[PDB]
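As structure tokens, the structure follows; a few thoughts come after it.
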Amino acid sequence: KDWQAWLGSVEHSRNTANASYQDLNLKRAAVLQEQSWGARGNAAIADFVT
Amino acid sequence: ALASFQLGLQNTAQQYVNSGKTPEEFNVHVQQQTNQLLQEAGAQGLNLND
Amino acid sequence: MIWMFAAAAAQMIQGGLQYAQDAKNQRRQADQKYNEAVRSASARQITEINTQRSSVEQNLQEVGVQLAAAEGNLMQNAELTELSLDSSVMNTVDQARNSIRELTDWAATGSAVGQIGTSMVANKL
Numbered sequence: 152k153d154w155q156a157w158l159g160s161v162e163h164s165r166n167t168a169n170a171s172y173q174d175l176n177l178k179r180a181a182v183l184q185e186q187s188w189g190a191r192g193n194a195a196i197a198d199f200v201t
Numbered sequence: 102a103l104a105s106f107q108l109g110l111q112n113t114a115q116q117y118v119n120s121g122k123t124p125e126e127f128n129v130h131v132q133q134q135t136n137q138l139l140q141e142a143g144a145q146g147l148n149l150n151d
Numbered sequence: 001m002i003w004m005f006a007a008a009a010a011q012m013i014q015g016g017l018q019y020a021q022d023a024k025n026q027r028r029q032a033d034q035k036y037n038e039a040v041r042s043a044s045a046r047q048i049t050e051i052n053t054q055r056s093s094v095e096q097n098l099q100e101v102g103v104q105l106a107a108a109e110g111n112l113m114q115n116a117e118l119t120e121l122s123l124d125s126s127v128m129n130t131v132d133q134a135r136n137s138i139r140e141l147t148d149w150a151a152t153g154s155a156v157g158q159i160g161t162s163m164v165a166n167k168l
């Protein structure tokens, strides 16, 4: 029983990190996309003024 | 990359003007700069005409 | 209530006791002469040690730098235009501009461009 419980905990200890790894990148990609879109919009105004 | 190139060309225009470079040296620079971006765009997507 | 300030009172007790200890520590002192030299010497060594110790994420920085440069360039260029009414340069230049451009209703042009704005490349090909 004790070693079975130990293995059960070990399984979730991996599942949780495997789950979190995807969501972190999901947030980062959106942040970078927003920043890149702002940077793309700055140059349009620069060229319009020039 | 597109936003950086857009500002780079405009910023280089005045730098070349201040040095008294002839138009040919500006045209060759423009073509060389455009070629690099066009080649780089070949990997960052299929460039399929949509 | 009286019982929701217990933690604050307990934490504030320790302030008073220390304040009293410093008075006694300073009063028990001419050892100040010896005491001062230690700091006077340690400061120099500490200062000497400190002196001795003394993709997308790149395109974004390049964009920022070039944008600052472009703003600076547009400044120092607007200034000459500001003097158009007086300089007579931007008058001798406007003469040439008009002479070369002759080879209007502004509102008409905007409508003409807008009517096909978002299909120019599609129509061209």
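These protein sequence lines are chains H, I and P, in that order. All residue numbers for the first sequence refer to PDB author numbering, where the first residue is 152 and numbers rise by one. All residue numbers for the second sequence refer to PDB author numbering, where the first residue is 102 and numbers rise by one. Read left to right, the third sequence gives residues 1 to 29, 32 to 56, 93 to 141, 147 to 168 (PDB author numbering). Backbone N, C-alpha and C fix where the C-beta goes; we use that ideal spot for every residue, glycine too.
With respect to 7 Å, is the separation between the Cβ of residue 113(I) and the closest non-hydrogen atom of the ligand GTP below this value?
Here there are no bound small molecules, and the ligand GTP is not part of this structure.
Assign residue 159(P) to one of three DSSP states: helix, strand, or coil.
For the purposes of this step, residue 159(P) is taken as residue 116 along the third sequence, with counting starting at 1. Residue 159(P): coil per DSSP, three-state reduction.
Specify, as a first and last residue, the run of the alpha helix (DSSP H) that residue 146(I) falls within.
Residue 146(I) sits at position 45 when you count from the first residue of the second sequence. Careful: residue 146(I) lies outside any alpha helix (DSSP H) and carries neither H nor E.
Quick one: what's got a C-beta closer than 8 Å to residue 130(P)'s C-beta in the same chain, skipping five residues either side?
Here residue 130(P) corresponds to residue number 92 of the third sequence, with the count starting at 1. So the list is empty, once near-sequence residues are dropped.
For residue 107(I), count the other beta carbons within 10 Å of its own beta carbon; 16 or more makes it buried, fewer makes it exposed. Which is it?
Numbered from 1 along the second sequence, position 6 holds the residue referred to as residue 107(I). Under this definition residue 107(I) is a buried residue.
Classify residue 104(P): buried if its beta carbon has 16 or more other beta carbons within 10 angstroms, exposed otherwise.
Position 66 of the third sequence, counted from the first residue, corresponds to residue 104(P). So residue 104(P) counts as buried.
Taking the alpha-carbon positions, what's the residue 166(H) to residue 8(P) distance?
Taking the first sequence and counting its residues from 1, one reaches residue 166(H) at position 15. Taking the third sequence and counting its residues from 1, one reaches residue 8(P) at position 8. Cα to Cα, residue 166(H) sits roughly 43 Å from residue 8(P).
Are the beta-carbon atoms belonging to residue 113(P) and residue 122(P) less than 8 Å from one another?
The residue labelled residue 113(P) in the question sits at position 75 within the third sequence. The residue labelled residue 122(P) in the question sits at position 84 within the third sequence. Not in contact: residue 113(P) and residue 122(P) (Cβ atoms no closer than 8 Å).
Kindly indicate the opening and closing residues of the alpha helix (DSSP H) around residue 28(P).
One-based indexing of the third sequence puts residue 28(P) at position 28. From DSSP, residue 28(P) is part of no alpha helix (DSSP H); its letter is neither H nor E.
Are any of the Cβ atoms in chain A nearer than 8 Å to that of residue 165(P)?
Among the chains of the structure shown, chain A does not appear; the protein chains present are H, I and P.
Of the choices 142(I), 151(I), 148(I) and 116(I), whose alpha-carbon is the least far from that of residue 130(I)?
Here residue 130(I) refers to the residue found at position 29 of the second sequence. Nearest option by C-alpha distance: 116(I).
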